[PDB]
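The structure appears right after this line, and notes come after that.
Every residue, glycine among them, receives a Cβ derived from its backbone with ideal geometry; neighbour counts consider all protein chains shown. Nothing in this text is a laboratory measurement; each read-out follows from the coordinates by a stated rule.
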Amino acid sequence: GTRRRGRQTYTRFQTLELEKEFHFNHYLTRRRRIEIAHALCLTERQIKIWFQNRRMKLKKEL
């Protein structure tokens, strides 16, 4: 009904890396999340949402 969401921005290294693993599979554990969260200097929430968003665009029958 409306739209007022202000997503964030991801660097090339982030879009490439994130998509690198997401391309094969989309799923990470606790230790896994923090692993890329602290390594990529990103936030645990960023990775979580980034996965949900990417999957949203992923077209494959519903």
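So, in region 19-57, exactly how many residues are under 22 Å from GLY6 (Cβ atoms), surrounded by fewer than 10 Cβ atoms within 10 Å (Cβ to Cβ) and hydrophobic (A, V, I, L, M, F, W, C)?
Qualifying residue count for the region: 1.
Check region 31-52 and report whether any residue there is basic (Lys, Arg) and touching a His at 6+ places or on another chain (Cβ under 9 Å). Give the derivation first.
Residues of region 31-52 that are basic (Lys, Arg), as a first pass: 31-33, 45, 48.
Checking which are touching a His at 6+ places or on another chain (Cβ under 9 Å) leaves us with none.
Looking for residues that are basic (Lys, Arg) and touching a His at 6+ places or on another chain (Cβ under 9 Å), one finds none in region 31-52, hence no.
Given (1) on the phi < 0 side of the Ramachandran plot; (2) more than 11 Å from the chain's Cα centre (by Cα), where does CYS41 come up short, assuming only one miss?
(1)
Within region 5-25, work out how many residues are in contact (Cβ under 8 Å) with a residue 12 or more places away in the chain and either of a type in the set (A, V, I, L, M) or part of a loop (DSSP other than H, G, I, E, B) (or both).
Looking only at that region, the number is 4.
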